[PDB]
């Protein structure tokens, strides 16, 4: 019921972006892009929603969740349009206490993000279900479904790729 952050291996990310160019760059050079775990599986897949720090972009509310700290500063945006299915061997859980020891500023940011998300996980969940449903409909897309398909990863294609990974 309470969100867990994760980093995803750049190997698996690059492997996914082969099938869909909208998968987020991992930029693992200093802080590998954290993802939030969707609370329940979707069609047997563990899904993960990427965070971005590009807080001032034009986001449509249907595919994003803006995070705010107690003083109302923008502290990240969850991109539900770029959520991805990931196998449990290609993701690592983030220990905020650990991250705070290695990098005090960043770990504390992550704590703020955690405190915001545990109050707002209903909304993430809600949006995740609405867009997944609409992106995966067939066949003739409404006006909205066309927009969603354009701005979102090809979820079904990525699920196949996840399946293909399960040759291990």
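Positions refer to the first chain, counted from 1.
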Greater mean Cα temperature factor according to the PDB record, 135 to 143 or 43 to 51: 135 to 143
Residue stretch of maximal mean CA temperature factor, 95 to 103 vs 124 to 132: 95 to 103
C-alpha B-factor winner, where the candidates are 30, 64, 58, 113: 30
For residue 74, the third of its chain into which the C-alpha B factor falls: lowest
Record-listed C-alpha B factor of residue 151: chain third: lowest
